[PDB]
Amino acid sequence: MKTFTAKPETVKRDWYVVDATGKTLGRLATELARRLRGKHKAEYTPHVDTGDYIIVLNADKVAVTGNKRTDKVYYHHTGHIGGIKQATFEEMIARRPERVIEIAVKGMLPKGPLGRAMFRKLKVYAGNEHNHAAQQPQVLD
Amino acid sequence: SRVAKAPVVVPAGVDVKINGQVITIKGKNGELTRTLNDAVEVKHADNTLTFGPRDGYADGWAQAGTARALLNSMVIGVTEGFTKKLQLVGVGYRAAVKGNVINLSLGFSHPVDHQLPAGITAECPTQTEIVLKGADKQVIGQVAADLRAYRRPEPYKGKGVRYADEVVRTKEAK
Amino acid sequence: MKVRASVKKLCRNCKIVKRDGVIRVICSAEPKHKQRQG
Amino acid sequence: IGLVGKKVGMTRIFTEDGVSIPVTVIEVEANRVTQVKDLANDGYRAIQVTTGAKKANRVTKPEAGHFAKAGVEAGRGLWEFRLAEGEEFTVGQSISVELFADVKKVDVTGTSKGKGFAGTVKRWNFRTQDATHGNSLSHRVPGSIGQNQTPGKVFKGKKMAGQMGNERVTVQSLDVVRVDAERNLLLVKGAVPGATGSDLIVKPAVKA
RNA sequence: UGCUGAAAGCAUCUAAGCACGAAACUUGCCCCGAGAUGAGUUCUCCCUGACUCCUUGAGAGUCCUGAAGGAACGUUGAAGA
RNA sequence: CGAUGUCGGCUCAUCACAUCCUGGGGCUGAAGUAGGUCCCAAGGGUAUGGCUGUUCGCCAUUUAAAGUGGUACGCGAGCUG
RNA sequence: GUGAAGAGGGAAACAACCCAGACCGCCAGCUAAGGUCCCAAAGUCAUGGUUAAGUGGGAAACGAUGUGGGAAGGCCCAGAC
Ligand SMILES: [K+]
Ligand SMILES: [Mg+2]
Ligand SMILES: [Mg+2]
Ligand SMILES: [Mg+2]
Ligand SMILES: [Mg+2]
Ligand SMILES: [Mg+2]
Ligand SMILES: [Mg+2]
Ligand SMILES: [Mg+2]
Ligand SMILES: [Mg+2]
Ligand SMILES: [Mg+2]
Ligand SMILES: [Mg+2]
Ligand SMILES: [Mg+2]
Ligand SMILES: [Mg+2]
Ligand SMILES: [Mg+2]
Ligand SMILES: [Mg+2]
Ligand SMILES: [Mg+2]
Ligand SMILES: [Mg+2]
Ligand SMILES: [Mg+2]
Ligand SMILES: [Mg+2]
Ligand SMILES: [Mg+2]
Ligand SMILES: [Mg+2]
Ligand SMILES: [Mg+2]
Ligand SMILES: [Mg+2]
Ligand SMILES: [Mg+2]
Ligand SMILES: [Mg+2]
Ligand SMILES: [Mg+2]
Ligand SMILES: [Mg+2]
Ligand SMILES: [Mg+2]
Ligand SMILES: [Mg+2]
Ligand SMILES: [Mg+2]
Ligand SMILES: [Mg+2]
Ligand SMILES: [Mg+2]
Ligand SMILES: [Mg+2]
Ligand SMILES: [Mg+2]
Ligand SMILES: [Mg+2]
Ligand SMILES: [Mg+2]
Ligand SMILES: [Mg+2]
Ligand SMILES: [Mg+2]
Ligand SMILES: [Mg+2]
Ligand SMILES: [Mg+2]
Ligand SMILES: [Mg+2]
Ligand SMILES: [Mg+2]
Ligand SMILES: [Mg+2]
Ligand SMILES: [Mg+2]
Ligand SMILES: [Mg+2]
Ligand SMILES: [Mg+2]
Ligand SMILES: [Mg+2]
Ligand SMILES: [Mg+2]
Ligand SMILES: [Mg+2]
Ligand SMILES: [Mg+2]
Ligand SMILES: [Mg+2]
Ligand SMILES: [Mg+2]
Ligand SMILES: [Mg+2]
Ligand SMILES: [Mg+2]
Ligand SMILES: [Mg+2]
Ligand SMILES: [Mg+2]
Ligand SMILES: [Mg+2]
Ligand SMILES: [Mg+2]
Ligand SMILES: [Mg+2]
Ligand SMILES: [Mg+2]
Ligand SMILES: [Mg+2]
Ligand SMILES: [Mg+2]
Ligand SMILES: [Mg+2]
Ligand SMILES: [Mg+2]
Ligand SMILES: [Mg+2]
Ligand SMILES: [Mg+2]
Ligand SMILES: [Mg+2]
Ligand SMILES: [Mg+2]
Ligand SMILES: [Mg+2]
Ligand SMILES: [Mg+2]
Ligand SMILES: [Mg+2]
Ligand SMILES: [Mg+2]
Ligand SMILES: [Mg+2]
Ligand SMILES: [Mg+2]
Ligand SMILES: [Mg+2]
Ligand SMILES: [Mg+2]
Ligand SMILES: [Mg+2]
Ligand SMILES: [Mg+2]
Ligand SMILES: [Mg+2]
Ligand SMILES: [Mg+2]
Ligand SMILES: [Mg+2]
Ligand SMILES: [Mg+2]
Ligand SMILES: [Mg+2]
Ligand SMILES: [Mg+2]
Ligand SMILES: [Mg+2]
Ligand SMILES: [Mg+2]
Ligand SMILES: [Mg+2]
Ligand SMILES: [Mg+2]
Ligand SMILES: [Mg+2]
Ligand SMILES: [Mg+2]
Ligand SMILES: [Mg+2]
Ligand SMILES: [Mg+2]
Ligand SMILES: [Mg+2]
Ligand SMILES: [Mg+2]
Ligand SMILES: [Mg+2]
Ligand SMILES: [Mg+2]
Ligand SMILES: [Mg+2]
Ligand SMILES: [Mg+2]
Ligand SMILES: [Mg+2]
Ligand SMILES: [Mg+2]
Ligand SMILES: [Mg+2]
Ligand SMILES: [Mg+2]
Ligand SMILES: [Mg+2]
Ligand SMILES: [Mg+2]
Ligand SMILES: [Mg+2]
Ligand SMILES: [Mg+2]
Ligand SMILES: [Mg+2]
Ligand SMILES: [Mg+2]
Ligand SMILES: [Mg+2]
Ligand SMILES: [Mg+2]
Ligand SMILES: [Mg+2]
Ligand SMILES: [Mg+2]
Ligand SMILES: [Mg+2]
Ligand SMILES: [Mg+2]
Ligand SMILES: [Mg+2]
Ligand SMILES: [Mg+2]
Ligand SMILES: [Mg+2]
Ligand SMILES: [Mg+2]
Ligand SMILES: [Mg+2]
Ligand SMILES: [Mg+2]
Ligand SMILES: [Mg+2]
Ligand SMILES: [Mg+2]
Ligand SMILES: [Mg+2]
Ligand SMILES: [Mg+2]
Ligand SMILES: [Mg+2]
Ligand SMILES: [Mg+2]
Ligand SMILES: [Mg+2]
Ligand SMILES: [Mg+2]
Ligand SMILES: [Mg+2]
Ligand SMILES: [Mg+2]
Ligand SMILES: [Mg+2]
Ligand SMILES: [Mg+2]
Ligand SMILES: [Mg+2]
Ligand SMILES: [Mg+2]
Ligand SMILES: [Mg+2]
Ligand SMILES: [Mg+2]
Ligand SMILES: [Mg+2]
Ligand SMILES: [Mg+2]
Ligand SMILES: [Mg+2]
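In the order they appear, the protein sequences are chains J, G, 4 and D.
Yeah, the first sequence ends on 141 if you go by PDB author numbering, and it's all consecutive.
Yeah, the second sequence ends on 174 if you go by PDB author numbering, and it's all consecutive.
Yeah, the third sequence ends on 38 if you go by PDB author numbering, and it's all consecutive.
Yeah, the fourth sequence ends on 209 if you go by PDB author numbering, and it's all consecutive.
So, in structure tokens, the structure goes:
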């Protein structure tokens, strides 16, 4: 009889912090993507952005198993005549440590306007300090 | 396994300290610090040192036997102090030390001034011979290996920088 | 050195080592017997 | 650091031995500092400068105030330079051409002369197809611009006809000849971008 | 190519660990570049009058004021279809 | 098959690496000079002519080199024929 | 046997492969193949091992003190390797 769907205006969004120091990249990124999407909430609706705002501080200290620190490569094309650029997991952290969690979450989120909308929710950081003290972002594990 | 089951003697005036896994051995020649592997477990038992493999970890004996043989060299280093005897063979080759910088002339267009990292005491009894001393086998061996690497032995006349103990195979012209 | 797909112990002083994944056959007597791979 | 100066044509200096060295005469007036950017506010260390003299009606109030912040007169145009850690300047200070008295070579940046819509022959040094031997309406045309079904597309950065010149270009390591303090000039060997009256950012040679 | 060094009393460039190593790779050089929607920063400038109305909504007016600045128009350019 | 213009040349290219030159290395029946083979390396560079429709090829003269291939044996709503 | 003449779920996409035959409706429940950390419904299930190669997630002859299991066969207190 017309089951419940989460109305955007009525969605009460929450703020969280996750310290990614010594965490496994994928196992962090998954649990982030589950939250960002709003799966954990009992009022989950696939067409509405029900998930929570997360702050992922200490992104550079994220851990990876095996030889993936050197062996794991992040390819991307420049959209140019023969422009394929690669960067290993070390080299990626040497330049842009935010990109590692970003890319690891983005692949796990859905693809489309809402998928891009629920990415915006995430807030990755290299340093331990975060300037979102205004929201009282509570600790998550 | 076998090396690991053979305690390292620690003579008097050799201050050993175990900061968890980080070992510090101080002596007369120099103060030496070694950040040891997590799979190794090390303790003081009577006068000598003991090196045990950790339960749960896969390769223990290999890791511990290394620690043993390292600390064995580390104790001998701080007590005695290691030395390497390099010799320069070939006419026009010159070796002279000024402070902590070895001036190698090895038939180049520029005299090569090799730097000495860490506590390495460089000497020269003759003009075509370098005797260098220190605490670590590592830094000595490397320095020696660089001083060699500037001009390795030519397998014809034996020309270049050589270790004193080293034999060199020369061959005939054909 | 050689990079043949079937390295083997040619003389007596030849010695097999696995460096960085690759199997190599280092030798003391003859540098000819130095060979990589396989 | 660097200075801004208008281009004033080209001449030649005859050296007494004989050599006639072709020189560009860059007038470099008192380049006065309008602002000093730093790490606390801006996140980098730099200086903003000005030169010339703009009629007061032509200067708008948002910039008329900007000049009153410093105290300097309203010079025509504004330019910024990055500081090399050691040096430090103040607002209202007048930097003159005497900075290049010490240097030997300079990078000169300017805006190249506008050639407008240029074809591939002139723009990219493409080769003109056979001027006769049967050629039909295709002497100076580019020819092919791709392959076939495989890409089924022209690749990015394909050399085609378009706007040529009116682009900022740099000529590096030009030898400084004479540094006239009294007339406020800077004679550099060779030729620099843009026409007589175009502005030039002259600065010390990065490639030392 | 080495140094120290096991597993494997030794030995061995490695399994802990540690140095070198090329026009390749990342920068350094030049150019574009915050439509980088993740739309950053600095600096300066400008606006400081009233009344209705209702479903007091980030509402709709009504006269009054029209700024900083811009566009338009003109004379034009070593800028330009 | 109610049409996907077929060789060669010009113009314009682009990618692969099984590297012709240039860069770094191991062995050598490597004295040096010059090689021989092998390994890593695709950044850039890589003839002009005579003959023939030629591709190829042979020849003359250069070059550090005059690489082997993919791209509808690249490229005719771009030219030639 | 299937398609042709058969939709639906799976095998990324995939007439013929695996599961299964749509009379129509329902915002009910149980299962098949195949699955269950995220894209995306359901195990970050339980226990015992293997794997260190990112194998899983293309391939042979042949090469190798990789690494697990076993079942045997060569020596000791006169003390072998
Ligand atoms: K205006
Ligand atoms: Mg490139
Ligand atoms: Mg091979
Ligand atoms: Mg290696
Ligand atoms: Mg200011
Ligand atoms: Mg910055
Ligand atoms: Mg006037
Ligand atoms: Mg006026
Ligand atoms: Mg104006
Ligand atoms: Mg500007
Ligand atoms: Mg700039
Ligand atoms: Mg300019
Ligand atoms: Mg023009
Ligand atoms: Mg031209
Ligand atoms: Mg030109
Ligand atoms: Mg031509
Ligand atoms: Mg022509
Ligand atoms: Mg015709
Ligand atoms: Mg015609
Ligand atoms: Mg014509
Ligand atoms: Mg026509
Ligand atoms: Mg065509
Ligand atoms: Mg396509
Ligand atoms: Mg010059
Ligand atoms: Mg040893
Ligand atoms: Mg064993
Ligand atoms: Mg050794
Ligand atoms: Mg280093
Ligand atoms: Mg280094
Ligand atoms: Mg080398
Ligand atoms: Mg070099
Ligand atoms: Mg170099
Ligand atoms: Mg070069
Ligand atoms: Mg620029
Ligand atoms: Mg810009
Ligand atoms: Mg710019
Ligand atoms: Mg902006
Ligand atoms: Mg902007
Ligand atoms: Mg756009
Ligand atoms: Mg962005
Ligand atoms: Mg934002
Ligand atoms: Mg009001
Ligand atoms: Mg009111
Ligand atoms: Mg209404
Ligand atoms: Mg309003
Ligand atoms: Mg209101
Ligand atoms: Mg209002
Ligand atoms: Mg009025
Ligand atoms: Mg009025
Ligand atoms: Mg108006
Ligand atoms: Mg008006
Ligand atoms: Mg007014
Ligand atoms: Mg006005
Ligand atoms: Mg106005
Ligand atoms: Mg404007
Ligand atoms: Mg206007
Ligand atoms: Mg306009
Ligand atoms: Mg006009
Ligand atoms: Mg006119
Ligand atoms: Mg005109
Ligand atoms: Mg037709
Ligand atoms: Mg037809
Ligand atoms: Mg048709
Ligand atoms: Mg056809
Ligand atoms: Mg035809
Ligand atoms: Mg021809
Ligand atoms: Mg031709
Ligand atoms: Mg071309
Ligand atoms: Mg390759
Ligand atoms: Mg070959
Ligand atoms: Mg050749
Ligand atoms: Mg060269
Ligand atoms: Mg060299
Ligand atoms: Mg070579
Ligand atoms: Mg070599
Ligand atoms: Mg040679
Ligand atoms: Mg020569
Ligand atoms: Mg020969
Ligand atoms: Mg050669
Ligand atoms: Mg071979
Ligand atoms: Mg290769
Ligand atoms: Mg390539
Ligand atoms: Mg090339
Ligand atoms: Mg390239
Ligand atoms: Mg490339
Ligand atoms: Mg490069
Ligand atoms: Mg080029
Ligand atoms: Mg070529
Ligand atoms: Mg020819
Ligand atoms: Mg003729
Ligand atoms: Mg010739
Ligand atoms: Mg030649
Ligand atoms: Mg030559
Ligand atoms: Mg030749
Ligand atoms: Mg070839
Ligand atoms: Mg070819
Ligand atoms: Mg192809
Ligand atoms: Mg093909
Ligand atoms: Mg073909
Ligand atoms: Mg073919
Ligand atoms: Mg082809
Ligand atoms: Mg063709
Ligand atoms: Mg071709
Ligand atoms: Mg064609
Ligand atoms: Mg045409
Ligand atoms: Mg004809
Ligand atoms: Mg004909
Ligand atoms: Mg039929
Ligand atoms: Mg079916
Ligand atoms: Mg089906
Ligand atoms: Mg499906
Ligand atoms: Mg498949
Ligand atoms: Mg199929
Ligand atoms: Mg399907
Ligand atoms: Mg079955
Ligand atoms: Mg049935
Ligand atoms: Mg049936
Ligand atoms: Mg039925
Ligand atoms: Mg039904
Ligand atoms: Mg039931
Ligand atoms: Mg069930
Ligand atoms: Mg199954
Ligand atoms: Mg599976
Ligand atoms: Mg999907
Ligand atoms: Mg989907
Ligand atoms: Mg699906
Ligand atoms: Mg799920
Ligand atoms: Mg869990
Ligand atoms: Mg579990
Ligand atoms: Mg297990
Ligand atoms: Mg397998
Ligand atoms: Mg495979
Ligand atoms: Mg086998
Ligand atoms: Mg075997
Ligand atoms: Mg085993
Ligand atoms: Mg076994
Ligand atoms: Mg066993
Ligand atoms: Mg059994
Ligand atoms: Mg047994």
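Just so it is clear, CB atoms sit at the ideal spot from N, CA and C, and this is done for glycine as well.
Inset, instruction - Determine whether the Cβ of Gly76 (chain D) lies closer than 7 angstroms to any Cβ atom of chain J. - result: By this cut-off, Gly76 (chain D) is not an interface position.
Inset, instruction - Quickly, what does DSSP pair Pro23 (chain D) with across the bridge? List them, please. - result: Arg13 (chain D)
Legend entry - Cut-off 7 angstroms between Cβ atoms - residues of its own chain near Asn128 (chain J), not counting five sequence neighbours on either side: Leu57, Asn58
Legend entry - Whether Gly76 (chain D) touches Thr51 (chain D) by CB criterion (7 angstroms): yes
Inset, instruction - Using a cut-off of 9 angstroms between C-beta atoms, extract the partners of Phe156 (chain D) located in chain J. - result: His80, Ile81, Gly82
Inset, instruction - Could you check what DSSP says for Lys68 (chain J) in three-state terms: helix, strand or coil? - result: helix
Legend entry - Whole-number beta carbon distance between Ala29 (chain J) and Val105 (chain J), since they are thought to touch under 8 angstroms: 5 angstroms
Legend entry - Identity of the residue in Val20 (chain D), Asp39 (chain D), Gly10 (chain D), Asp43 (chain D) nearest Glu28 (chain D) by Cα: Minimum Cα distance to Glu28 (chain D) is reached at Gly10 (chain D).
Legend entry - Assigned secondary structure, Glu31 (chain G) (DSSP; H/G/I helix, E/B strand, else coil): Looking at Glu31 (chain G) - three-state DSSP - the assignment turns out to be coil, as it is neither helix nor strand.
Legend entry - Inter-stretch contact (C-beta, 8 angstroms, three-pair minimum) for the stretch 179 to 191 of chain D and the stretch 94 to 101 of chain D: Yes, the stretch 179 to 191 of chain D touches the stretch 94 to 101 of chain D.
Legend entry - Backbone CA spacing between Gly87 (chain D) and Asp108 (chain D) [nearest angstrom]: 21 angstroms
Legend entry - Closest by C-alpha distance to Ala133 (chain J), when choosing among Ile101 (chain J), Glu98 (chain J), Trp15 (chain J), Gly26 (chain J): Looking at the Cα atoms, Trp15 (chain J) is the closest of the given residues.
Legend entry - Three-way DSSP call (helix, strand, coil) for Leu84 (chain D) in this model: In the three-state reduction of the DSSP assignment, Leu84 (chain D) falls in the coil class.
Inset, instruction - Put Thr133 (chain D) into one of helix, strand or coil per three-state DSSP. - result: coil
Legend entry - Span of the beta strand (DSSP E), counted from its first residue to its last, around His77 (chain J): Counting along the chain, the beta strand (DSSP E) containing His77 (chain J) begins and ends at 73 to 77.
Inset, instruction - Identify, in the order they occur along the chain, each residue of the same chain with its Cβ nearer than 6 angstroms to the Cβ of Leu140 (chain J), setting aside the five sequence neighbours on each side. - result: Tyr16, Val18
Inset, instruction - Grab me the residues of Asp60 (chain J)'s own chain with a C-beta within less than 6 angstroms of its C-beta, minus the 5 sequence neighbours each way, in chain order. - result: Excluding residues up to 5 positions away in sequence, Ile93, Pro97, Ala126 lie with their Cβ nearer than 6 angstroms to the Cβ of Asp60 (chain J) in the same chain.
Inset, instruction - Spatial neighbours of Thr50 (chain J) within its chain, please: CB distance less than 7 angstroms, with the 5 preceding and 5 following residues excluded, ordered by chain position. - result: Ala6, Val11, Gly38, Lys41, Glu43, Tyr44
Legend entry - For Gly6 (chain D) and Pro143 (chain D), the rounded distance between their alpha carbons: 39 angstroms
Inset, instruction - Flag this pair as touching only if the stretch 77 to 92 of chain G and the stretch 42 to 58 of chain G have three or more C-beta atom pairs under 8 angstroms; answer yes or no. - result: no
Legend entry - Boundaries of the beta strand (DSSP E) in which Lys43 (chain G) is found, first to last residue: 40 to 44
Legend entry - At least 3 beta-carbon pairs within less than 8 angstroms: the stretch 24 to 32 of chain G vs the stretch 88 to 107 of chain G: As far as the Cβ criterion goes, the stretch 24 to 32 of chain G does not touch the stretch 88 to 107 of chain G, which means the pair count is below three.
Legend entry - Cβ-heavy atom distance, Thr112 (chain D) to ligand 12, below 6 angstroms: Flag set: Cβ of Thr112 (chain D) near ligand 12.
Legend entry - Whole-angstrom C-beta distance between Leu104 (chain G) and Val112 (chain G), which should lie under 8 angstroms: With a Cβ gap of about 5 angstroms, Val112 (chain G) and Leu104 (chain G) count as contacting.
Legend entry - alpha helix (DSSP H) segment containing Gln138 (chain G), residue limits: Here the alpha helix (DSSP H) through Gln138 (chain G) covers 137 to 149.
Inset, instruction - Pair every Cβ in the stretch 49 to 68 of chain D with every Cβ in the stretch 79 to 86 of chain D, then say whether three or more of these pairs are closer than 8 angstroms. - result: Contact holds: three or more Cβ-Cβ distances are below 8 angstroms.
Inset, instruction - Please report the Cβ distance between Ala95 (chain G) and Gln115 (chain G), rounded to the nearest whole angstrom; I am assuming they are in contact, meaning their Cβ atoms lie under 8 angstroms. - result: Not really, about 15 angstroms apart at Cβ, beyond 8 angstroms.
Legend entry - beta-carbon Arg13 (chain D) near ligand 16 non-hydrogen atom, thresh 6 angstroms: No, Cβ of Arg13 (chain D) sits at least 6 angstroms from all heavy atoms of ligand 16.
Legend entry - Nearest-angstrom beta carbon gap, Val3 (chain G) and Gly65 (chain G) [assumed within contact, 8 angstroms]: Their Cβ separation, rounded to whole angstroms, is 4 angstroms, which keeps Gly65 (chain G) and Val3 (chain G) in contact under 8 angstroms.
Inset, instruction - Decide if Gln138 (chain J) is buried, meaning its Cβ has at least 16 other Cβ atoms within 10 Å, or exposed. - result: exposed
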